[PDB]
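>>> heads up, no residue letters with this:
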Ligand SMILES: CCCCCCCC/C=C/CCCCCCCC(=O)OC[C@H](O)CO
Ligand SMILES: CCCCCCCC/C=C/CCCCCCCC(=O)OC[C@H](O)CO
Ligand SMILES: CCCCCCCC/C=C\CCCCCCCC(=O)OC[C@H](O)CO
Ligand SMILES: CCCCCCCCCCCCCCCC(=O)O
């Protein structure tokens, strides 16, 4: 279940195809190994033909667009910082 | 003008007691905008039941959930059990009872002083209750006629206390003659 | 939960896209479907559904909470004064020669 | 400087202090203290306004009442003055859709006008329903016309335009961008369908992007 | 009307709250004590009000940015071991 | 003494400079005048500071 | 080796320090008052 599960069902209806959701085996998004030059993650599954389409929070990047095709964005975003995080006291007039 | 003073003090005691009891029992203390029984719609929240209106199922309402740093625990406990508004109601009741018994077992002229003390103490308990209520609400809005019934009960209780103490002073003045 | 925060602006601006193998036959229909779902508001509903609908974390004047302590002290002092006065009155009333 | 509840409870505390001072000052027959109820009220009022006393309680209990009233007065008046010093020293979105005093519109022909004419989002559909039927027209022939209408309407006209143009915020004299963007999109170099220039210009845009040219030119 | 211990305490308390006096010292020694206590009271209450105004004025106007993370090392920070975020940083030409 | 015109001018000036009292009104009307003048003084001096 | 192996470094409320002077003046005045009374 999820945003992309809901989106997959709708993309499949509007494109007229039946589909099978599969979780990427290595649990990665997709990077080209600097060294073996092999693509891993969801990008690798598409590059080596293990999957026909990726419906995930997969970021459109230049290095990926050079080896796979991307639709226009379905979500806009940016890198951000996540950090670990009032009632006045009764006798706060002494502060 | 003694005699009419006793009627005025008895009427005032009864009025203060009735107003404070209505205020506690009724639930139009705060016109907030929140959820009715478990969409955000207005509500006539009160001391016990946050009750709904202008909603899909207006008129169906529940018991406020008071609880989700010991200071917050103590304040939430004191505001959950309306100990101060209820103590104001009890003290007004006992004050009225003393005033009534001031006709029987007369010549004591020392229980009417107890009536004055009860009315003054009822006012003080009432103001503490208002402060804890408003403080706990801070955990747009407006105040309903139940809130103002409590406030008017405070004012009438203080006036009736001043009259009772005046009558006690006058009684000992007559006795000293 | 436990609701324990995003800080600062975004470091960049980009987007997520539906990906297909280079030269895939599905590329055009899926690009058009994403734009149809965008234009019909489906993508906004789905982000709201999965981020905020089930979210577990969801003036200038001085408020009575900022000064409530001084009110508590005042009323406590009035009570103590009444108690002291009544104690002295009871003492005097019991101190008359009988 | 003080919330309505503080003023209301100040008045209740004034009545309570005056009545308790009157009670304690003159209730025991052994005291018979010029504090009648009227003089108790006068003493309390003049103590609150930090004004002359002219009479001070002499008993232990009247002095307890006087002392706590004096402390309360000092804290409350100090905080009124401090918060007034703080005050003197130093449409947000949906907002447009829920109101009607402030008119709002878009370029008479643009991707913005089309965004609203086709939105299936309730707030934007409500805004379109209003804008398409608003009289006089809320649409403008040019961006400059929209900017001038905002500048001359004394706050009674808000203009919907692309964040990039909303540049105007950095221009003399009086406008401001409020809220976040209503959507996310991009400007592209356009060519006739099937143009010979399409591939070289797509690659050049990516080259100018990667070499930082597009950021320098926006700055 | 004269300064016994209880009246001395009442005079001092009233002088502190700036709430006037029903009686003031009349001798040289009493007046020295009164004047010095009045000075102490003036400075302390002026300073209480001034600091409360400072509290409210400042309140009216530990990482806030990527620049903040870059300039420090007490707080560690990282990214997904394989992702477009990690690649954004590995290739950024931006100094921070 | 009681409030003649000179003593009343002195009372008002002393009230505005927040410099306490040597006399204060004793009747209801005098006390209403004194009360509103005290409130006015408090707001104006607080606002000046 | 040369930087870190041999490293040798491995609106608040108002405090009693900025009103201490007024306390010193107060107690000095109390001492002076006691002295004047005893001389008289
Ligand atoms: C003869 C004179 C008669 C007597 C005149 C009495 C009037 C003076 C009272 C002042 C307020 C006293 C109460 C001060 C408040 C104390 C609260 C407190 O200490 O708060 C603790 C806090 O939580 C951190 O520990
Ligand atoms: C014993 C003799 C008694 C002497 C009596 C002296 C009076 C002292 C007080 C005067 C100010 C009272 C008037 C305050 C008016 C408040 C204004 C108001 O009501 O606010 C308007 C509205 O609520 C917001 O828009
Ligand atoms: C009629 C009898 C009245 C009797 C008199 C009552 C006392 C007067 C009040 C306060 C004195 C204040 C004394 C101030 C002391 C100042 C200390 C000082 O100036 O030292 C700072 C130094 O100069 C920096 O380098
Ligand atoms: C010492 C007793 C009297 C002192 C003067 C107090 C003035 C009382 C004002 C009460 C009503 C205040 C209303 C303000 C809230 C609002 O503007 O909506």
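Everything's here; your move. Numbering: from 1, shown residues only, chains lettered A, B, ... in the order given. Ligands and ions are numbered 1, 2, ... in the order given.

>>> from here on, just use CA atoms for contacts and neighbour counts.
OK.

>>> what secondary structure does residue C:23 sit in?
Three-state assignment for residue C:23 (DSSP: H, G, I helix; E, B strand; the rest coil): coil.

>>> so the residue lying closest to it once chain neighbours are set aside: helix, strand or coil?
Sequence neighbours aside, residue A:69 is the residue nearest to residue C:23 in space, at 7.4 Å (criterion: CA to CA, 6 or more residues apart in numbering or on different chains). Three-state call for residue A:69 (three-state DSSP): strand.

>>> list the contacts of whichever strand or helix holds residue D:216.
Assignment of secondary structure by DSSP states H and E places residue D:216 within helix D:213-218. Identification of contacts with helix D:213-218 by CA atoms under 8 Å, 6 or more residues apart in numbering or on different chains yields D:208, D:209.

>>> from the chain's centre, how far out does that helix sit?
35 Å (CA atoms, centre = their mean, to the nearest Å).

>>> how about the contacts made by the residue in chain D that ligand 1 sits nearest to?
Residue of chain D nearest ligand 1, by CA to the nearest ligand atom: residue D:67 (3.7 Å). By CA under 8 Å, 6+ apart, the contact list for residue D:67 reads E:13, E:14.

>>> against ligand 2, how distant is it?
20 Å (CA to the nearest ligand atom, to the nearest Å).

>>> one more: residue D:42?
Counting by CA to the nearest ligand atom, the gap from residue D:42 to ligand 2 is 5 Å.

>>> what about that residue, which helix or strand?
helix D:37-48.

>>> the helix or strand following that helix: which residues count as buried?
Where DSSP H and E defines the elements, the next helix or strand beyond helix D:37-48 is helix D:60-89. Residues of helix D:60-89 classed as buried: D:60-87 (neighbour count, 16 or more other CA atoms under 10 Å in any protein chain shown).

>>> now what about the helix or strand just after helix D:60-89, what contacts it?
Using DSSP H and E, the helix or strand that follows helix D:60-89 towards the C-terminus is strand D:103-105. Strand D:103-105 has contacts (CA under 8 Å, 6+ apart) with D:96, D:131, D:138, D:139, D:140, D:156, D:157, D:158, D:159, D:160.

>>> again, 10 Å this time
The contact list for strand D:103-105 (CA atoms under 10 Å, 6 or more residues apart in numbering or on different chains) reads D:96-97, D:112-113, D:127-128, D:130-132, D:134-140, D:146, D:149-150, D:153, D:155-161.

>>> which ones are touching the residue nearest to residue B:169 when sequence neighbours are not counted?
Nearest non-adjacent residue to residue B:169, counting by CA to CA, 6+ apart: residue D:27, 6.2 Å away. If you count contacts by CA under 10 Å, 6+ apart, residue D:27 has them with B:113, B:116, B:165, B:166, B:168, B:169, B:172, C:85, C:86, C:89.

>>> for the last one, helix, strand, or coil?
Classification of residue C:89 into helix, strand or coil gives helix, according to three-state DSSP.

>>> that one: neighbour count?
Other residues within reach of residue C:89, judged by other CA atoms under 10 Å in any protein chain shown, total 17.

>>> pretty sure it is touching residue D:29, no?
Yes - in terms of CA atoms under 10 Å, residue C:89 counts as a neighbour of residue D:29; the distance is 8.6 Å.

>>> thinking again about what came up before, and the residue of chain D closest to ligand 1, how far from residue C:95?
Using CA to CA, to the nearest Å, residue D:67 is found at 29 Å from residue C:95.

>>> indicate the residue of chain C located nearest to chain G.
residue C:66 (16.2 Å; CA to the nearest CA).

>>> and the closest residue to ligand 4 within chain C, what does it touch?
Residue nearest to ligand 4 within chain C: residue C:61 (10.2 Å; CA to the nearest ligand atom). Residue C:61 makes contact with D:1, D:2, D:3, D:4, D:6, D:80, D:83, D:84, D:86, D:87, according to CA under 10 Å, 6+ apart.

>>> residue D:43 too?
D:18, D:21, D:35, D:37, D:51, D:52, D:53, D:54, D:55, D:56, D:57, D:66.

>>> was I right to think the third one contacts residue D:66?
No - using CA under 10 Å, residue D:35 and residue D:66 do not qualify as a contacting pair, with a distance of 11.9 Å.

>>> shared neighbours, these two?
Counting by CA under 10 Å, 6+ apart, the shared contacts of residue D:35 and residue D:66 are D:18, D:21, D:43, D:56, D:57.

>>> returning to what we had before: identify each buried residue in the helix holding residue D:42, please.
Buried, per 16+ other CA under 10 Å, within helix D:37-48: D:37, D:39, D:40, D:41, D:42, D:43, D:44, D:45, D:46, D:47, D:48.

>>> same question for stretch D:93-109.
Buried-residue list, stretch D:93-109, by 16+ other CA under 10 Å: D:96, D:97, D:103, D:104, D:105, D:106, D:107, D:108.

>>> what's the separation between the second one and residue D:128?
In this structure, residue D:97 lies at 9 Å from residue D:128, with CA to CA as the measure.

>>> ok so, going back, ok, and which of the contacts of residue D:43 reach chain C?
D:21, D:66 (CA under 10 Å from any CA of the partner chain).

>>> and the contacts of residue D:43, which of them are buried?
The buried subset of the contacts of residue D:43 (16+ other CA under 10 Å) comprises D:18, D:21, D:35, D:37, D:51, D:52, D:53, D:56, D:57, D:66.

>>> of the residues you listed, which is the nearest to ligand 2?
residue D:37 (9.3 Å).

>>> tell me which residues touch that closest one, please.
Taking CA under 10 Å, 6+ apart, we find residue D:37 in contact with B:162, B:166, D:18, D:19, D:20, D:21, D:22, D:23, D:25, D:26, D:43.

>>> before we move on, back to that, joint contacts of residue D:97 and residue D:128?
Joint contacts of residue D:97 and residue D:128 (CA under 10 Å, 6+ apart) are residue D:122.

>>> so where does residue C:57 fall, helix or strand?
Counting by DSSP H and E, residue C:57 is found in no helix or strand.
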